[PDB]
Participant: 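Pasting in a structure now, in C-alpha cells, and then I'll have a few things to ask.
In what follows, chains carry the letters A, B, and so on, assigned in the order in which the sequence lines appear, proteins first and then strands, with residues in each chain numbered from 1. Both counts, for ligands and for their atoms, begin at 1 and track the order of listing.
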Amino acid sequence: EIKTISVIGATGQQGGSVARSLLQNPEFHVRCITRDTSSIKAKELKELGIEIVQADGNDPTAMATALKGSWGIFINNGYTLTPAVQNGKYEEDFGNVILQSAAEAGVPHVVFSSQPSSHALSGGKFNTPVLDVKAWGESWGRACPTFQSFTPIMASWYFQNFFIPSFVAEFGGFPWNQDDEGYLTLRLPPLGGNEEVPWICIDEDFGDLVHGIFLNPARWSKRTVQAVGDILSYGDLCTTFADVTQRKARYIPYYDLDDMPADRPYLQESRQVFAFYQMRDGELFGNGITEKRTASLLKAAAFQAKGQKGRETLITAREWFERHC
Amino acid sequence: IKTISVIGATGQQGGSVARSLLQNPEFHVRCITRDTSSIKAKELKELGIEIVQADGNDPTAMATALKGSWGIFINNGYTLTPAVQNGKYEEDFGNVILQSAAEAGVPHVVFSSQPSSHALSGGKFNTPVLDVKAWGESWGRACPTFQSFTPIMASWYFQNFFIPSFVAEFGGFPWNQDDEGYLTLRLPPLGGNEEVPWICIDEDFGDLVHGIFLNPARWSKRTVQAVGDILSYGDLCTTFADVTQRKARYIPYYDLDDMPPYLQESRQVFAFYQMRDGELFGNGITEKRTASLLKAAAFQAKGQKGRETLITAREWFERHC
Amino acid sequence: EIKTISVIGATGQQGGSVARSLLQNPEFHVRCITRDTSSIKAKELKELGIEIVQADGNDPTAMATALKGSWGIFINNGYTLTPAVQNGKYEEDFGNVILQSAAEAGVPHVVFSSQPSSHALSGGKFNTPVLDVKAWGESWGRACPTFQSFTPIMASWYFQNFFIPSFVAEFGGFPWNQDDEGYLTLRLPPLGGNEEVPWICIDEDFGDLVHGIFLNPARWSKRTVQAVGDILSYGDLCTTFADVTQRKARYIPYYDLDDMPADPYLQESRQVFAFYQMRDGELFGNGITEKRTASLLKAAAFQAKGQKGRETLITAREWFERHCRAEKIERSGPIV
Amino acid sequence: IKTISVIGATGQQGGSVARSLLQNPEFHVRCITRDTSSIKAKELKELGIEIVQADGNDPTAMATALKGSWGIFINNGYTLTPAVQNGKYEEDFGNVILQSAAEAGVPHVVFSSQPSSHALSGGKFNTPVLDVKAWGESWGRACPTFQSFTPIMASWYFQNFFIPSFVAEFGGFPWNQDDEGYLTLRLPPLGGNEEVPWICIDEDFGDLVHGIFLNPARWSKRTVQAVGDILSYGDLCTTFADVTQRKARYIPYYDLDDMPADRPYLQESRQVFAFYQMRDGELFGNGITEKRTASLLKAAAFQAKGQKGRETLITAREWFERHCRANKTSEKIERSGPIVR
Ligand SMILES: NC(=O)c1ccc[n+]([C@@H]2O[C@H](COP(=O)([O-])OP(=O)(O)OC[C@H]3O[C@@H](n4cnc5c(N)ncnc54)[C@H](OP(=O)(O)O)[C@@H]3O)[C@@H](O)[C@H]2O)c1
Ligand SMILES: NC(=O)c1ccc[n+]([C@@H]2O[C@H](COP(=O)([O-])OP(=O)(O)OC[C@H]3O[C@@H](n4cnc5c(N)ncnc54)[C@H](OP(=O)(O)O)[C@@H]3O)[C@@H](O)[C@H]2O)c1
Ligand SMILES: NC(=O)c1ccc[n+]([C@@H]2O[C@H](COP(=O)([O-])OP(=O)(O)OC[C@H]3O[C@@H](n4cnc5c(N)ncnc54)[C@H](OP(=O)(O)O)[C@@H]3O)[C@@H](O)[C@H]2O)c1
Ligand SMILES: NC(=O)c1ccc[n+]([C@@H]2O[C@H](COP(=O)([O-])OP(=O)(O)OC[C@H]3O[C@@H](n4cnc5c(N)ncnc54)[C@H](OP(=O)(O)O)[C@@H]3O)[C@@H](O)[C@H]2O)c1
Ligand SMILES: CC1(C)c2[nH]c3ccccc3c2C[C@@]23CN4CCC[C@]4(C[C@H]12)C(=O)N3
Ligand SMILES: CC1(C)c2[nH]c3ccccc3c2C[C@@]23CN4CCC[C@]4(C[C@H]12)C(=O)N3
Ligand SMILES: CC1(C)c2[nH]c3ccccc3c2C[C@@]23CN4CCC[C@]4(C[C@H]12)C(=O)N3
C-alpha cells in the first residue's frame with residue numbers, strides 16, 4: 001500500500017519542496033537524505049515528522065544502502081560543482097552518482113532534476129557545465145534498463161532569486177534598489193524568440209509538480225517536465241512589478257553580450273548560457289516549446305491527491321510580488 | 001453581382017477595403033470621395049475602380065450616390081467639427097452616411113467603430129475620437145432597415161510609426177536615437193497583461209472587411225477586431241532590436257498625472273484603457289483569431305492572391321526598417 | 001460600507017448560486033427576492049441565514065420599493081414565458097420589468113442574465129423568444145443612462161441539464177437511460193464551426209462569476225460576460241463521460257434539422273439550433289466563445305471569499321466524476 | 001550549394017521532402033532509391049532531381065551514395081524484416097542508413113522517428129513499428145560525429161484515406177458506406193483530450209523538414225512534431241459531414257479487446273493505441289501535442305521557396321474540401337501503407 005520515496009536535497013530548495021508536498025499524501029512515506037542529520041535544516045524536516053537518513057552522495061555503497069527499500073527517488077545536485085565536474089567529468093557529480101546508486105539499489109521510479117546540454121544541442125561549439133552535468137545524469141537515466149520510470153524535471157528561475165543580494169547587484173537595481181533616474185531597473189540579455197522567460201516559486205510549486213509525477217509515474221517516464229509557474233518577458237515582469245508595488249521599474253536589455261560590464265562576474269560566466277538560449281530562440285529547455293500547461297496539470301493533481309489541501313494553481317509573478325513586496 | 005460603396009476610399013481604411021474588394025469579381029467597388037480629381041482619387045481610377053463624388057455632410061446627395069449598393073463600408077475622418085467635438089455625434093459625416101445608407105435601402109453595412117469611453121466608464125471619461133464612432137455603432141445596431149450591420153474596430157496602425165508627430169511625442173522609437181543610444185518608446189501601460197493590438201492597415205484591414213462581406217449574416221451585430229499582432233510595448237522594442245540590431249527600450253509613463261512639452265491629450269483614452277485592464281475594444285477579450293480567419297477567407301475569395309496571414313510586428317519591421 | 005445586493009431568482013438555479021457565492025463575502029449583504037417566502041427553496045435560504053423579501057417582478061411599483069437601498073442587483077427571468085411575451089411584448093417579461101423597476105429604484109449596479117437575439121442578429125430570419133426576451137432587457141439596460149454599471153452575463157448549457165427530465169427525454173438516452181444497443185446516446189444537432197460547445201456547473205460556478213463582476217463593476221460595465229466552465233464538442237463530452245464512468249456513451253448528430261423530432265418548445269429549439277449553426281457556433285453573438293474571463297472572475301471570487309471553494313471552474317470531466325461515478329432527475333427546466 | 005540526400009524519395013515522406021527542397025535554390029535534392037527505372041523514380045527524374053541508386057541494407061554502397069551530402073532526410077518502410085520485427089532494430093534499412101550517413105560524414109540529419117513504447121512503458125508494450133524508428137533516434141542523438149540531428153515525427157496522414165488497409169480495417173471512413181448509410185470511423189480513443197494530430201503528408205511535411213534544414217543548429221536534438229491539424233476522431237467525422245453533406249460518424253472501441261485483432265498488424269496497432277491511452281494521448285512521447293512549431297516551419301519554408309505555395313498547413317476541413325467534395329477520380333485509393341490482410 002505505502003510507497004517509500006527517498007528525497008535527495010531535502011534540506012534544499014527543490015528537495016525541500018518535494019518533501020513538504022509528498023508528506024501530505026498518506027500513500028507515500030518520505031525518506032529525506034542529508035549529509036548531516038544534526039543540521040539546522042535537517043531538524044526542521046524532523047519537526048514535520050519525516051524519516052531522516054544521513055548519507056553522502058559521493059559514497060555509492062553507503063547511498064545504495066540508504067536507498068534500500070525505496071519505491072521512488074527524487075534526485076538533485078548543488079549550486080557548487082567540484083573542479084573535476086566543472087572540467088567535464090560530469091559522471092562525478094554527486095547527483096549523478098546518486099542516480100547510479102539508485103539503479104543498483106533497485107529503486108524502480110526516478111524523478112531527476114535536469115537541464116539541457118548546450119554541448120549536445122550545439123554540436124560542441126558551446127559548453128555550459130552548470131547545465132550539462134545534469135543533462136549527463138538525464139542521458140544515463142534515460143538509457144538505464146533498470147528503472148521502471150525515469151522522468152526529468154527542469155526547474156525555472158526561482159522567484160526567490162530576487163532575495164539573493166548579488167542578484168540585486170548583478171542585474172541592475174531591480175527589484176529593491178532604485179537608480180539615479182528613480183527606476184527599479186532590470187538589466188539582462190534577451191532570452192530570444194518571443195521572450196517566453198519561465199519563472200517558478202520553487203517553495204510552493206516545485207514539490208507539487210514532482211508529486212504529480214509520482215501520482216502516475218508511467219505516464220511521465222522519459223517525457224521531460226518543465227517546472228514553470230509563469231511565462232513572461234523581462235519587460236512584462238517589470239511592468240507587473242510596477243503595477244503591484246506602484247514603484248517605477250523598467251527593463252534595459254544587454255543587447256551586446258560583449259558589452260556587458262566585466263564588473264559583474266555572474267554576467268560573464270553566464271555568457272555561454274545566454275548565447276545558447278538566444279541561439280535556441282529562447283527555447284531554453286531544449287526539448288520543445290516552453291509551456292506551463294503540464295505544470296498546471298501536475299499541481300492540480302497533487303492538490304487532489306493531498307486531499308484538496310493547499311493551493312490548486314501555480315503562483316504567478318503578479319501574485320508573488322503582491323505576497324512578497 | 002453585388003455592388004459595394006466604399007467610404008474613405010482615398011484614405012487608409014477605405015483604400016485597403018477598395019483594393020481588396022476589387023480582386024473579387026462577385027463584388028463591384030463604388031468608391032465615394034469628395035474630390036474625384038485628387039491624386040488618390042486618380043490612383044483609384046488607374047486600377048479601374050468606379051469613383052463617384054459625394055459629400056457625407058449632404059444626406060440627400062449621398063443617398064443618391066449609394067442607390068443600388070448591395071453593401072457599404074463606412075468610415076469617418078481624423079477631423080471632428082467643433083459641434084461634433086462637443087457632443088453632437090449625429091453630425092459626424094460617417095454617421096450621416098450611415099443614416100443615408102438606411103434611407104437608400106442599402107441592406108448590408110460594415111461600420112468602422114470604437115467603444116464609447118463615456119458609456120463604458122459611467123461618465124467618468126469623455127473621448128469624442130472614439131465615442132463619435134460608437135454613436136454610429138449603436139444607431140446601426142438598432143436600425144431595423146439594414147439586413148446586416150457589422151462593426152469593425154481597427155487597432156493602432158503600424159504606419160503610425162511613420163507619422164512625425166507620433167515619433168515626436170512617444171520617445172524616439174523607432175527612428176530617433178536618444179542620448180544613451182536607444183530607440184526609446186515612452187507610453188502608458190495599456191493595463192492587464194499588456195495585450196496591445198496592432199495592424200498593418202494597408203495590407204490587412206481591407207481583407208478583413210472583405211471577409212465580412214463574404215457572409216454578412218454570420219457577422220451581423222458582432223464586433224470584429226482588426227488585429228494583425230498582439231504584443232506588449234516591451235515586446236515591440238525587443239522585436240525591433242532583434243530585427244534591426246538597433247538598440248531599443250521601453251520606458252513606461254506610469255503616472256498619467258506626471259507626463260511631460262508633449263501636449264497630446266490622448267490621456268483620457270489611455271486612462272480608460274487602463275480602467276478596462278487593457279480591453280481597449282470594450283466588447284470582450286482582445287483576440288486576433290477572427291482577424292486571421294477573415295484574412296484567410298479574403299485570400300481564398302481573391303483567388304489565393306496576396307498573403308494568407310496578417311502582417312506581424314516583426315515582419316512590418318523587416319519590410320520597413 | 002456594506003453593500004446590499006438584491007438577488008432575483010434566489011430560489012432558482014442562477015440566483016441561488018449568486019446568493020450562495022456573495023454570502024461568503026462580508027462586504028456584501030444578500031437580499032433574496034422571491035414571490036413566496038414560504039417555499040421550500042425560500043425557507044432553505046432562510047435556514048442559511050439570508051434575508052428574504054417577497055415581491056413579484058410583474059408588479060413594477062412593489063418591485064421598486066423592495067429593491068430600494070440596494071447597491072447592486074442580479075436579474076434573471078424564468079423558463080415559462082407568458083403567451084404575450086411569447087409573441088413579442090418582450091417588455092412584459094418579469095425579468096425586464098424588474099430591470100426597469102431597478103432603474104426606477106435607483107439601483108446603481110446591475111448584472112443581468114442575458115442571451116443574444118436571433119431576430120436582431122439574423123436580419124429577421126429567426127425568432128427565438130427564449131433568447132430574444134433577455135436580449136431586449138440587455139439592450140434596454142445598456143441604453144439606460146441612470147445605471148452606473150450594467151453588465152450582461154450569459155449562461156452556457158448547464159451540466160445540471162442532465163438532471164432536468166425534459167432534457168433526458170428528447171436528446172437521446174444520455175446520460176442516464178442506456179439505449180437499445182446499450183449506448184448512452186446523445187442526439188443533438190451540431191452547434192456549428194468547430195463545435196465549441198460551452199458548459200457550466202451552474203450551482204458551483206455561475207454565482208462566483210457574478211460575484212467577481214460585483215467586485216469591480218465599473219471595469220465590466222456594458223461588457224458581455226460569458227459564463228463558461230468548459231468548451232468541448234458533443235462527441236468529446238460523450239467520450240469523456242465514457243472514460244469517467246466506464247459506461248458506453250456516444251454522440252449521434254442530427255445532420256438534417258428537418259429530421260430532428262419537432263413534435264412547441266422543440267420548434268423553438270429547432271430555430272435556436274439553426275441560428276447557432278448560422279453563426280458557426282458563436283452562440284453568444286458578441287464574439288468568440290471563451291472561458292478565460294470566467295476563470296478570472298472565478299479566481300477573483302475565490303480570493304474575495306477568503307480562498308474558500310475552488311479556484312478553477314468545474315470541467316466536464318470533474319462534473320462526471322462527481323455526479324455519475326457515484327442525482328434525482330427532477331430539476332427545473334423547459335416544459336416541452 | 002548544399003546537397004541533401006533524401007531517403008524514400010519515391011515514397012510519401014521523402015517525396016514531399018524532395019518536392020519542397022527542390023524549390024529552394026540554396027539546396028540540392030539527391031533522391032536515393034533501389035530502382036532508378038521505377039515509375040515513381042522517373043517522376044522525380046522528370047522534376048529535375050538527381051537520382052542515385054543504392055540499397056539501405058548495403059551499408060558500404062549507401063556510404064558511397066551519400067558522401068558529399070550537407071544533409072540527409074532518413075525514413076523507413078511499412079514492412080519490417082522478421083529479424084527487425086523480433087528486436088534486431090539495428091538492421092532496419094533506415095537505421096543502417098543513419099549509421100552510413102555518420103559513416104559518410106553527413107553533418108546534418110533529419111530523422112523520421114516515433115516514440116519507443118517499450119522504452120517509455122518500462123517494457124509493458126512492444127510496438128516495433130514505432131520502436132524501430134526510436135532506435136535510430138537514440139543512435140542519432142548519441143552519435144558525436146553529427147553536427148545536428150533532429151527527429152521529426154509524422155502524424156496520421158490525411159492520405160491514410162487513400163491507403164487501402166485503412167479503409168478496410170477502421171470501419172470504412174470516409175469512402176465505404178455501412179448498413180445505416182454512414183461513413184463510419186471505428187478507432188479506440190487516443191486518450192486525454194482526444195488531441196489527434198493529422199497532417200497532409202504531400203503538401204506540408206516536406207516544408208517542415210525544409211524549415212529544419214533552414215537552421216539545423218536551432219533544432220538539433222529537439223523533436224519536431226509534424227502536425228497540420230489537431231482534432232478528435234468525432235470532430236474529424238462531423239467536419240467531414242459538414243464539408244461533403246454525407247452522414248459520417250465515429251464509433252469508439254472503448255474496450256480494446258473488442259477491436260478486430262485478426263491479423264498481426266492489427267494487434268500491433270492495438271498495442272500502439274493502448275500505449276497512447278496510457279500516455280493520456282501524448283502519442284509523441286516528448287511533450288504536449290502542438291502544431292505551433294509546424295506552422296513556424298511551414299511559413300519559413302514558404303518564404304525560403306520564394307513565397308511559393310501555401311504559408312499555412314492544411315486543416316482537416318480544407319483537406320476534405322480539396323479531396324472529398326468533388327469526385328476527383330485521379331485520387332485513387334492505392335497508396336503504400338500497412339499490408340494487414
Ligand atoms: N537558484 C538558481 O539559480 C536555480 C534555478 C534553476 C535551477 N537551479 C539549479 O539547481 C541546482 C541547485 O539547486 P538548489 O538551489 O535546490 O540547491 P541547494 O538549495 O543547495 O540544495 C541542494 C542540496 O544538495 C545537498 N548536497 C550538497 N552536496 C552534497 C553531497 N556531496 N552529497 C549529498 N548531498 C549533497 C545539500 O543538502 P545536504 O546538506 O542535505 O546534503 C543541499 O541542500 C544547480 O544545478 C542550479 O544551477 C537553481
Ligand atoms: N491608427 C489610427 O489612427 C486609427 C486606428 C483606429 C481607428 N482610427 C480612426 O479612424 C479614422 C481615420 O481613418 P483613416 O486612416 O481612413 O483616415 P484618413 O486617412 O484621413 O481618411 C479619411 C477618409 O475620409 C474622407 N473624408 C473626409 N472628410 C469627409 C467628408 N466630410 N465626407 C466624406 N468623406 C470624407 C477622406 O477623403 P475623401 O472624402 O476625399 O475620400 C478620406 O478618404 C479616425 O476617426 C481615427 O480616429 C484610426
Ligand atoms: N440551462 C438553461 O436552460 C439556461 C441557460 C441559459 C439561460 N437560461 C435562461 O434562464 C431562464 C431560467 O433560469 P433559472 O434556471 O434560474 O430558472 P428557474 O430555476 O425556474 O429559476 C427562475 C427564478 O425566477 C423566479 N421567478 C420566476 N417567475 C417569477 C416571477 N413572475 N416574478 C418573480 N420571480 C420569478 C423563481 O423564484 P420563485 O419560483 O419563488 O419565483 C426562480 O428563483 C430562462 O429564460 C432560460 O432560457 C437557462
Ligand atoms: N500515416 C502513416 O502511416 C505514418 C505515420 C507516421 C509515420 N509512419 C511510418 O513511416 C513509415 C512509412 O513511410 P512512407 O510512407 O514514406 O513509406 P513508403 O511509402 O513505404 O516508402 C518506402 C520508401 O523506402 C524505400 N525502401 C523500402 N524498403 C527499402 C529497403 N530495404 N532498402 C532501401 N530502401 C527501401 C522504398 O524504395 P523504392 O524507392 O524502391 O520504392 C521507398 O522509396 C513506416 O514505418 C510507418 O510506420 C507512417
Ligand atoms: C486616438 C489615439 C489615442 C491615438 N492618438 C495618436 C497620436 C499620434 C499617433 C497615433 C495616435 C493614436 C492611435 C489610436 C489607435 N486606436 C486604437 C483603438 C482606438 C485608437 C486610439 C488611438 C484610435 O482612435 N487611434
Ligand atoms: C433553449 C435551448 C436550445 C434548450 N432547449 C432545451 C429543451 C429541453 C432541455 C434543455 C434545453 C435547452 C438548453 C438551453 C441552454 N442554452 C445555453 C445558451 C442559451 C440556451 C439555449 C438552450 C438556453 O437558454 N437554454
Ligand atoms: C502504426 C499505426 C497504428 C497505423 N496502423 C495502420 C494500419 C492500417 C492503416 C493505417 C495504419 C496506421 C497509421 C499510423 C499513424 N501514426 C500516428 C502516429 C504514429 C502512427 C501510428 C499508426 C504510425 O506509425 N502510423
Side-chain angles (χ1 to χ4, degrees), chain B residues 7-15 31-35 38 40-41 54-57 75-79 93-94 97 112 114 129-130 132-133 153-157 159-160 201, chain C residues 8-16 33-36 39 41-42 55-58 76-81 94-95 98 113 115 130-131 133-134 154-158 160-161 164 202 331-334, chain D residues 7-15 32-35 38 40-41 54-57 75-81 93-94 97 112 114 129-130 132-133 153-157 159-160 163 201 335-338:
Chain B
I7 302 319
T10 71
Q12 297 217 65
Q13 274 169 62
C31 296
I32 303 274
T33 176
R34 292 170 302 167
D35 180 355
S38 161
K40 304 261 217 233
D55 195 294
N57 299 297
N75 191 30
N76 78 330
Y78 285 74
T79 288
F93 82 79
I97 285 167
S112 188
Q114 294 290 343
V129 186
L130 312 175
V132 69
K133 298 167 82 61
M153 263 181 202
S155 305
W156 298 58
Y157 311 165
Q159 288 80 356
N160 286 148
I201 188 45
Chain C
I8 304 306
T11 61
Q13 276 164 125
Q14 286 182 19
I33 316 280
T34 179
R35 286 169 306 179
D36 185 38
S39 163
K41 285 285 175 68
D56 193 284
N58 297 306
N76 182 41
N77 72 338
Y79 287 93
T80 288
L81 313 180
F94 81 87
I98 286 180
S113 183
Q115 289 296 337
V130 63
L131 313 183
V133 59
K134 311 163 77 52
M154 302 183 161
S156 313
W157 271 258
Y158 305 157
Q160 279 79 358
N161 276 120
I164 291 167
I202 169 76
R331 284 177 83 110
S332 183
Chain D
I7 309 311
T10 72
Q12 281 163 111
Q13 275 178 58
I32 306 270
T33 187
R34 293 171 297 178
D35 184 25
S38 168
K40 292 215 66 61
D55 195 297
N57 305 106
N75 197 23
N76 75 342
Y78 288 102
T79 283
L80 303 169
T81 77
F93 79 87
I97 286 180
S112 172
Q114 293 290 339
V129 67
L130 313 176
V132 54
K133 312 177 65 58
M153 294 200 202
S155 285
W156 290 84
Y157 311 172
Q159 283 81 3
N160 279 123
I163 285 166
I201 199 91
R335 293 195 178 235
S336 179

Participant: Taking salt bridge (charged side-chain N to carboxylate O under 4.0 Å, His left out) as the test, write out the residues that go with D:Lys40, two or more places apart.
Facilitator: D:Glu43
Participant: How far apart are the closest heavy atoms of D:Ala41 and D:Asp35, and which atoms are they?
Facilitator: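 Heavy-atom minimum between the residues: CB-O, 3.3 Å.
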Participant: Which distance, rounded to the nearest 0.5 Å, do you find between the OH of C:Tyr79 and the CD1 of C:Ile164?
Facilitator: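 Separation between the atoms: 4.5 Å.
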Participant: B:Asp55: what forms a side chain to side chain contact (heavy atoms under 4.5 Å, CB included) with it, not counting sequence neighbours?
Facilitator: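 Partners of B:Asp55 under the side chain to side chain contact (heavy atoms under 4.5 Å, CB included) test: B:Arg34, B:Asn57.
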Participant: Considering residues at least two apart in sequence or located in another chain, which fulfil the side chain to side chain contact (heavy atoms under 4.5 Å, CB included) criterion with B:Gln114?
Facilitator: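 Checked B:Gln114 against side chain to side chain contact (heavy atoms under 4.5 Å, CB included); matches are B:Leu130, B:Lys133, B:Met153.
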Participant: For D:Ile97 versus D:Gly56, what's the shortest heavy-atom pair and its separation?
Facilitator: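 Closest approach of D:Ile97 to D:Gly56, heavy atoms only: CG1-CA, 3.6 Å.
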Participant: Considering only heavy atoms, which protein residues lie less than 4.0 Å from any atom of ligand 4?
Facilitator: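 Ligand 4 is contacted, at a heavy-atom distance under 4.0 Å, by D:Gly8, D:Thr10, D:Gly11, D:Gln12, D:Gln13, D:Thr33, D:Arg34, D:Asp55, D:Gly56, D:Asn57, D:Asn75, D:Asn76, D:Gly77, D:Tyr78, D:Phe93, D:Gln114, D:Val129, D:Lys133, D:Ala154, D:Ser155, D:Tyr157, D:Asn160, D:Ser336.
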